[PDB]
Structure formats: C-alpha cells, structure tokens
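S.K.: The structure under discussion is supplied below as structure tokens; questions concerning it will follow.
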Amino acid sequence: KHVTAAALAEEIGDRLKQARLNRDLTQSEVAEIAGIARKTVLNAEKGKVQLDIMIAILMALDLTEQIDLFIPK
Amino acid sequence: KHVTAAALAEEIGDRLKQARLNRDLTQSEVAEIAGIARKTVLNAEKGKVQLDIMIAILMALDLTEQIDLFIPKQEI
C-alpha cells in the first residue's frame, strides 16, 4: 500500500462505520453501549481515535476476537 | 476472552515493543523512520497511542498489512 498513515487511518474508520451499519446500530447506540460520547464514535469513524477507545468501540460491536491475531506473540 | 479495553490496549503496546525488538530496532530508530517523537513511540508501547500514529509505527516496522487483523475489510 503506498498510502499515508492518516489516509490508512481514514480507511480503517470507514471499516468501523461499515461494521456498525452491518449490525444495524446508530453511532448513539454504539456510544451508549461503550459508555462514551457520541462525538467520540463519530471521530473514530473518521480515523481520529485513541487505541483504548477504539477497542471499546470494537467490543461494543462484538468485533474484538480478531485482535488475538494482530501482531501476536 | 474476558478483558477490558485498557488491558487490551496495553497488550497491543507490548506486542508493538516485541515486534520492534525482533527487528533489532530501538525506540529512537522507529521514531526516526516514522518521522515522529521518541516519546510518542515510548507511549505507544504502553498502549497510549492514536490510530494514525500506531499505523505509522507499523509502517516503520514493515507491518502495515497487520492493520487488516485489527479491523478487517467489511462487505456491505
């Protein structure tokens, strides 16, 4: 991939948005589940998010089982 | 897999650290390659990092594709 880190972060944000839509959830619903502000979820879907917050969002979508496979050892 | 988001971020920090060590790189050298501050790398290895910065660190370690195991591509 010949892409900047910020552009790839935006692509990951889009994947998070798609995962959410596939689960028929709104940003407000994801925020309520994770116990965070709706604005924080909105920002995450733009690629602007802290790692622990992103993980909390993913846990709200039941999408953290793959993380065991991320740079493991 | 019953763990908190904070704990999991810290576990990812430790994985970033061991990926770096396996490549014989220092924190200073990763920062240099990625064009960021040393302290930013130090904090990332403790699990304190923004998504774009984590990606830049992965790119410095030639592990960019691993991001697809953090959030896979999604169909409609």
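So you can find residues: chains in the structure tokens are A, B, ... in the order shown, residues in each start at 1, and ligands are numbered from 1 in order.
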Taking only C-alpha atoms into account, what are the residues of chain A at most 6 Å from chain B, put as a ChimeraX atom specification?

M.R.: /A:5-6,9,15,49-52,55-56,67,70

S.K.: Taking only chain A into account, list the residues labelled helix (DSSP H, G or I) by DSSP (computed from the backbone), as a PDB file with C-alpha atoms, in the first residue's frame.

M.R.:
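Saved the output as states12.pdb:
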```pdb
ATOM      1  CA  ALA A   5      -0.698   6.734   7.835  1.00  0.00           C
ATOM      2  CA  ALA A   6      -3.505   9.343   8.161  1.00  0.00           C
ATOM      3  CA  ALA A   7      -5.181   8.111   4.970  1.00  0.00           C
ATOM      4  CA  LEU A   8      -4.983   4.498   6.075  1.00  0.00           C
ATOM      5  CA  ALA A   9      -6.493   5.582   9.445  1.00  0.00           C
ATOM      6  CA  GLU A  10      -9.422   7.100   7.489  1.00  0.00           C
ATOM      7  CA  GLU A  11      -9.862   3.777   5.576  1.00  0.00           C
ATOM      8  CA  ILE A  12      -9.972   1.914   8.939  1.00  0.00           C
ATOM      9  CA  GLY A  13     -12.560   4.477  10.151  1.00  0.00           C
ATOM     10  CA  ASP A  14     -14.702   3.559   7.101  1.00  0.00           C
ATOM     11  CA  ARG A  15     -14.404  -0.140   8.009  1.00  0.00           C
ATOM     12  CA  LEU A  16     -15.635   0.667  11.529  1.00  0.00           C
ATOM     13  CA  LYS A  17     -18.574   2.616  10.065  1.00  0.00           C
ATOM     14  CA  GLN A  18     -19.386  -0.336   7.722  1.00  0.00           C
ATOM     15  CA  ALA A  19     -19.188  -2.878  10.580  1.00  0.00           C
ATOM     16  CA  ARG A  20     -21.648  -0.703  12.543  1.00  0.00           C
ATOM     17  CA  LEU A  21     -24.103  -0.345   9.659  1.00  0.00           C
ATOM     18  CA  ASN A  22     -23.977  -4.107   9.062  1.00  0.00           C
ATOM     19  CA  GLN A  27     -23.499   5.986  16.485  1.00  0.00           C
ATOM     20  CA  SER A  28     -25.602   6.968  19.533  1.00  0.00           C
ATOM     21  CA  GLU A  29     -26.305   3.258  20.210  1.00  0.00           C
ATOM     22  CA  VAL A  30     -22.568   2.313  19.937  1.00  0.00           C
ATOM     23  CA  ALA A  31     -21.724   5.205  22.267  1.00  0.00           C
ATOM     24  CA  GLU A  32     -24.352   4.165  24.837  1.00  0.00           C
ATOM     25  CA  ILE A  33     -23.101   0.556  24.826  1.00  0.00           C
ATOM     26  CA  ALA A  34     -19.447   1.512  25.233  1.00  0.00           C
ATOM     27  CA  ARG A  38     -21.457  10.029  20.543  1.00  0.00           C
ATOM     28  CA  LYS A  39     -18.882  12.589  19.186  1.00  0.00           C
ATOM     29  CA  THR A  40     -16.085  10.136  20.109  1.00  0.00           C
ATOM     30  CA  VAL A  41     -17.632   7.435  17.923  1.00  0.00           C
ATOM     31  CA  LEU A  42     -18.184   9.954  15.093  1.00  0.00           C
ATOM     32  CA  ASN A  43     -14.493  10.920  15.249  1.00  0.00           C
ATOM     33  CA  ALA A  44     -13.402   7.305  15.303  1.00  0.00           C
ATOM     34  CA  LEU A  51      -6.382   2.941  20.771  1.00  0.00           C
ATOM     35  CA  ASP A  52      -8.182   2.072  24.053  1.00  0.00           C
ATOM     36  CA  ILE A  53     -11.282   3.971  22.856  1.00  0.00           C
ATOM     37  CA  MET A  54     -11.213   2.190  19.504  1.00  0.00           C
ATOM     38  CA  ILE A  55     -11.001  -1.169  21.281  1.00  0.00           C
ATOM     39  CA  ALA A  56     -14.019  -0.184  23.453  1.00  0.00           C
ATOM     40  CA  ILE A  57     -15.970   0.645  20.275  1.00  0.00           C
ATOM     41  CA  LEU A  58     -14.977  -2.689  18.736  1.00  0.00           C
ATOM     42  CA  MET A  59     -16.079  -4.535  21.923  1.00  0.00           C
ATOM     43  CA  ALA A  60     -19.472  -2.820  21.572  1.00  0.00           C
ATOM     44  CA  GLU A  65     -11.913 -11.686  18.674  1.00  0.00           C
ATOM     45  CA  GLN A  66      -9.666 -10.987  15.656  1.00  0.00           C
ATOM     46  CA  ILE A  67      -7.364  -8.863  17.786  1.00  0.00           C
ATOM     47  CA  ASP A  68      -5.676 -12.051  19.111  1.00  0.00           C
ATOM     48  CA  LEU A  69      -4.273 -12.328  15.553  1.00  0.00           C
TER      49      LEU A  69
END
```
